[PDB]
Amino acid sequence: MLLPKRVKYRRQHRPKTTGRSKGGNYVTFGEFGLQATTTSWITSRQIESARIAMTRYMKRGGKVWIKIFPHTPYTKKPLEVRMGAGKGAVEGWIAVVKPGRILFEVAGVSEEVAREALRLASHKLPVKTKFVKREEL
Amino acid sequence: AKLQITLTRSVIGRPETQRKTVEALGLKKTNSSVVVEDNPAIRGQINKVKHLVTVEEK
Amino acid sequence: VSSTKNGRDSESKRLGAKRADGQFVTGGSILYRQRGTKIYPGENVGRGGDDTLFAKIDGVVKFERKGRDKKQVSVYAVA
Amino acid sequence: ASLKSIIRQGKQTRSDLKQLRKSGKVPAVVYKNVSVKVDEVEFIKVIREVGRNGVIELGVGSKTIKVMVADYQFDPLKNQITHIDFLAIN
Amino acid sequence: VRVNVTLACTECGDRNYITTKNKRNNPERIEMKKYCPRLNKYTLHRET
RNA sequence: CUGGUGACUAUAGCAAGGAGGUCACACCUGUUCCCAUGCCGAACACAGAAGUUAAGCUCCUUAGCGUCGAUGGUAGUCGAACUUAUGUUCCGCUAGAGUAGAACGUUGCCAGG
RNA sequence: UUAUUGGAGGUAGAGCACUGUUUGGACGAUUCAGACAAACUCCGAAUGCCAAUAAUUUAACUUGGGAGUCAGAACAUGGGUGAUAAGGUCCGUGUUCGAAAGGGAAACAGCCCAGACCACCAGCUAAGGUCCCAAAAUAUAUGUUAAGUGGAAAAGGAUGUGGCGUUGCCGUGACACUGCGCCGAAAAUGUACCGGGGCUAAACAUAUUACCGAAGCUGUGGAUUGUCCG
RNA sequence: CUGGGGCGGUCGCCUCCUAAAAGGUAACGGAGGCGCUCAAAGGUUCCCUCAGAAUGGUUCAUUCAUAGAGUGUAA
RNA sequence: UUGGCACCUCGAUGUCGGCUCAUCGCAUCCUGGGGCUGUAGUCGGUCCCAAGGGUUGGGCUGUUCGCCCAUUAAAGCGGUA
Ligand SMILES: [K+]
Ligand SMILES: [K+]
Ligand SMILES: [K+]
Ligand SMILES: [Mg+2]
Ligand SMILES: [Mg+2]
Ligand SMILES: [Mg+2]
Ligand SMILES: [Mg+2]
Ligand SMILES: [Mg+2]
Ligand SMILES: [Mg+2]
Ligand SMILES: [Mg+2]
Ligand SMILES: [Mg+2]
Ligand SMILES: [Mg+2]
Ligand SMILES: [Mg+2]
Ligand SMILES: [Mg+2]
Ligand SMILES: [Mg+2]
Ligand SMILES: [Mg+2]
Ligand SMILES: [Mg+2]
Ligand SMILES: [Mg+2]
Ligand SMILES: [Mg+2]
Ligand SMILES: [Mg+2]
Ligand SMILES: [Mg+2]
Ligand SMILES: [Mg+2]
Ligand SMILES: [Mg+2]
Ligand SMILES: [Mg+2]
Ligand SMILES: [Mg+2]
Ligand SMILES: [Mg+2]
Ligand SMILES: [Mg+2]
Ligand SMILES: [Mg+2]
Ligand SMILES: [Mg+2]
Ligand SMILES: [Mg+2]
Ligand SMILES: [Mg+2]
Ligand SMILES: [Mg+2]
Ligand SMILES: [Mg+2]
Ligand SMILES: [Zn+2]
């Protein structure tokens, strides 16, 4: 599971999820990519499951770039407690994903093989995705 | 040269700044009207409350 | 149950601009409250012990550029 | 290698730009600076013919300026060219 | 460490100046020239 | 043209190449006098003039780094209508980034030529 | 209040020049590319605010007499907290209720329209509506849907069907986008979220011409209180 | 005080964020500090410029280095 | 269900289990119909339709629950303060 080695503040306000993707909207390292078309938090466990699906389908022969990182911690209260008495403890780490953002990139395989690997990864994610290639012209 | 302004929509439910502009225009009750000299300040007041008033040229 | 170790803040100090550019001020009028020289004293304007900028004469306040990355405030007699 | 551009007259509101892009045109600027608009399909064909850094004979109004593509704004969602800049080669 | 200090000069009973000092750093009776309103002049005021 | 001293957001800077020095500005010579070194005539200070453009400095050329920077479009957003959709529409304002490009300072006063 | 002009300030956005976080290269930590931030900023709006002198407008301030109030609520929006739970909770902003009747939303303080001095068996409109209940279009033109979708929901699945297209073969494949529908869809007294009847338009999307519709406005008479000129 | 009360925690002051680019702005929201110190660490005049790195030397020297140091103490 | 919230009720809305009497839902326990099966047969597994009727007598415990004894076609899960 990806997570920062350290952060300055462990308790953070949850990020704003309205709007469109600030950047990373293009394939820059690989040949094909998976582009989000809806918005969600993406957790490190979801990232790991999607990455495992992709790498298993391409037999660790091509190469994958994970374009998102879960920089943001989020807290959760302990079970069966009333409101108040301070913020809860860190539960996990999320990345903010908005329409346009490229989630994964792959290179070194055919278009059909990449499409299938990315479909398998997409079914592990809480967002709708589209197969994309590097933009030319 | 002259503009007739009619207060066509109510000020009930409108923000206080819009109400203040309505009053500064000289409008009093719904469907009341004023005749004013056309100039940029009057145009700006009208623009602020254009959704509440109807403007015609005399 | 638990408890929080936070919950402290000092009183707000009401800093910032106290008179407008182009406004007439009597001598001694405080023009700017600040920590450090966020704005510098210009013509006929003094800097207090707590960095307060105040007018040394009666006149009109002018906030102006001071170099590339600094600014200042002056007071010019109306005449 | 050729493409006709229609000059945009005056200011175009946000609604005007939206209607243009719906009807299938791409707003562009030629650089005197000229605001123009082209057809996305014909532009794609010319770019395919001449390459990215090729040379185009843009028919701006009555004249014909030899230009290239200095920059272009694209929309990865909807897969649409949204703006073009044509630098006159001189 | 730090204690309150009262300075009074010879030809006055005004005792109008109070100040502070570190007893460890300055074990002596500190002396200083201070203006004395009674005499309208500076005088040698010394810690009591 | 040089020099002093000001004003102006580095368009003024930095860097890389050339030309210059009679007066001037300098590097320079000395430590006897004013003065000076946690040590040193290095610097500061005073006396000067053998020497040299080598450097600082001035003029010419480079857009290389920095700096400035549109138009057009986009993000955002005041207001309005729809709406509950990680929203839509209209209107006004309008970035940041990036592009064309600008820029190897301009200029007041005084003195010298 | 608006117009113009000047100013203070660092939010939205953006960006990586600082701090911190992070992914691939290359090279002998540097460089290259690409990302993240309430307590990051090389940057930086819209607004809002403070002022100055024109248009419109009618307050504003001072001093005294007399209070009541210190349980607030919903809605919309900027945020914290909670779980991008609550008809939750705490702040900012606006409206309404409170203290507001009338029309609409079946009924429904807080939503939409709109502020009732009194009388009328006059008229025009607002939101919302015009087949019957129940006032007004079984209105007009073009198209979409066949699911009673309309008249409560997702990942995901699918030769449903309309409109744009890009291409391969020489009728027909593959592909992408978009409109409207389908499945996914199980609760407890009784049909049982269209309010009922009913509707294939009486649904939906554009465009148009009418009308209905309030205690809004207008018309007529009257009451009281104010100004200005009875 | 308290998302019933108790138990736990808190109670005054300072700095930051939340705070929506004037000011102000709440929660048992997110982070820290204070209840001093200094006889110079005050005043004034004069002079001076840092951290780091590389390169050589059994701290000393050179060059890059707008501060990436320091500013008694938290921001 | 355990909770979160504190909106009705503190000038009173009787709390658990059992008894009596039921009534409704279907995510069906039995019985009826059917597809697939790693369904030879007899038996089973799983899914679909189906709420008409049926769906126990004891030992222990206040118990709900649960375990056990002996049955049964079956000894279903929930709602109704
Ligand atoms: K950075
Ligand atoms: K509370
Ligand atoms: K604040
Ligand atoms: Mg980028
Ligand atoms: Mg001081
Ligand atoms: Mg002081
Ligand atoms: Mg932001
Ligand atoms: Mg509430
Ligand atoms: Mg809420
Ligand atoms: Mg509020
Ligand atoms: Mg009350
Ligand atoms: Mg009402
Ligand atoms: Mg009111
Ligand atoms: Mg309702
Ligand atoms: Mg009613
Ligand atoms: Mg009422
Ligand atoms: Mg009518
Ligand atoms: Mg009728
Ligand atoms: Mg339905
Ligand atoms: Mg019904
Ligand atoms: Mg109805
Ligand atoms: Mg009336
Ligand atoms: Mg408690
Ligand atoms: Mg503000
Ligand atoms: Mg503020
Ligand atoms: Mg403490
Ligand atoms: Mg203490
Ligand atoms: Mg409950
Ligand atoms: Mg409450
Ligand atoms: Mg009670
Ligand atoms: Mg009673
Ligand atoms: Mg069934
Ligand atoms: Mg017995
Ligand atoms: Zn004395």
Side-chain angles (χ1 to χ4, degrees), chain A residues 2 4 6-9 11-15 17-19 22-24 28-29 38-41 65-69 71-72 77 80-88 95-96 98-99 123 126 128, chain B residues 9-10 12-17 20-21 23-26 29-32 34 36 39-45 47-48 50-51, chain C residues 3-4 6-10 12 14-17 19-23 32 39 61 63 65 67-68, chain D residues 13-15 17 27-29 31 33 35 70 73 82-83 85 87, chain E residues 2 21-22 25-26:
Chain A
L2 309 177
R6 64 170 175 157
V7 294
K8 198 165 150 170
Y9 299 99
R11 286 161 178 105
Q12 304 188 17
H13 295 167
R14 286 149 287 174
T17 56
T18 44
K22 176 180 178 149
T28 50
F29 303 88
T38 62
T39 301
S40 187
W41 295 5
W65 300 259
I66 309 170
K67 304 295 292 308
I68 49 148
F69 189 90
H71 303 279
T72 302
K77 277 303 186 125
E80 323 296 288
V81 306
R82 318 200 139 147
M83 293 307 97
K87 196 150 163 69
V96 201
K98 303 198 193 170
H123 277 103
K128 294 177 194 249
Chain B
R9 305 225 64 120
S10 176
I12 308 170
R14 294 310 176 155
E16 186 60 50
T17 183
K20 288 190 262 253
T21 299
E23 145 170 77
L25 277 174
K29 286 219 210 251
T30 302
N31 307 111
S32 65
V34 292
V36 291
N39 77 50
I42 285 290
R43 289 300 188 160
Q45 308 225 66
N47 166 267
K48 189 186 167 171
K50 61 193 157 178
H51 50 290
Chain C
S3 85
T4 165
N6 306 312
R8 280 164 321 272
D9 210 3
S10 63
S12 316
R14 280 86 163 149
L15 309 174
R19 290 288 189 272
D21 177 284
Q23 202 178 357
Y32 205 78
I39 296 182
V61 175
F63 287 89
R65 170 184 301 289
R68 221 193 177 75
Chain D
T13 82
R14 165 145 47 210
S15 200
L17 290 182
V29 69
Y31 56 81
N33 261 67
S35 307
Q73 290 176 11
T82 50
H83 184 261
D85 312 272
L87 163 89
Chain E
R2 297 208 68 86
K21 91 178 180 149
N22 187 289
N25 303 346
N26 285 94

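Below, chain A is the first sequence line, B the second, and so on; all start at residue 1.
On a pure distance criterion of 3.5 Å, no polar donor-acceptor pair joins the side chain of C:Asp9 and the base of H:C14. Side-chain N/O atoms of B:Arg43 and base N/O atoms of G:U1 include no donor-acceptor pair closer than 3.5 Å. With hydrogens and angles left out, the side chain of E:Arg2 and the base of H:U37 share no donor-acceptor pair within 3.5 Å. Between the side chain of A:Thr17 and the base of F:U86 there is at least one donor-acceptor pair of N/O atoms closer than 3.5 Å. Residue side chain A:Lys67 does not reach the base of G:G34 through any donor-acceptor N/O pair under 3.5 Å, judged by distance alone. For F:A100, its base never sits under 3.5 Å from the side chain of D:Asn33 at any donor and acceptor pair. Side chain C:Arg8 to base H:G12: no donor-acceptor pair is found below 3.5 Å. Between the base of G:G20 and the side chain of A:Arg6 there is no donor-acceptor pair shorter than 3.5 Å.
At the phosphate of G:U95, neither OP1 nor OP2 sits under 4.0 Å from any side-chain N or O atom of B:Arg14. Proximity of A:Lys87 to the phosphate of G:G82: a side-chain N or O atom is located under 4.0 Å from OP1 or OP2.
Pairs of Watson-Crick or G-U wobble type, with distances under 3.5 Å, assemble into runs of 3 or more in RNA chain F at these ranges: F:1-8 with F:105-112, F:15-20 with F:57-62, F:28-31 with F:45-48, F:79-82 with F:87-90.
Taking a centre distance below 5.5 Å and an interplanar angle below 30 degrees as the stacking criterion, C:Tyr32 does not stack against the six-membered base ring of G:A8.
No contact: C:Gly16 has no heavy atom under 4.0 Å from any strand. In this structure, A:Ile68 reaches neither bases nor backbone, as no heavy-atom distance under 4.0 Å exists between it and the strands shown.
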Listed pairs, N/O of protein and of nucleotides 71-79 of chain G, under 3.5 Å:
residue: G:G79; atom: OP1; partner: A:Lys16; partner atom: NZ; Å: 3.4

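For C:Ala17, the side-chain contact (heavy atoms from CB on, under 4.5 Å) partners at least two apart in sequence or on another chain are C:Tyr32. Under the rule for a side-chain contact (heavy atoms from CB on, under 4.5 Å), the partners of B:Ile12 that lie at least two apart in sequence or sit in another chain are B:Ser10. Under the side chain to side chain donor-acceptor pair (under 3.5 Å) criterion, B:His51 pairs with B:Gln18, not counting sequence neighbours.
Evaluation of the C1'-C2'-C3'-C4' torsion of F:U86 gives a negative value and hence a south sugar.
The partner of G:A203, taking Watson-Crick or G-U wobble pairs whose two distances both stay under 3.5 Å, is G:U144.
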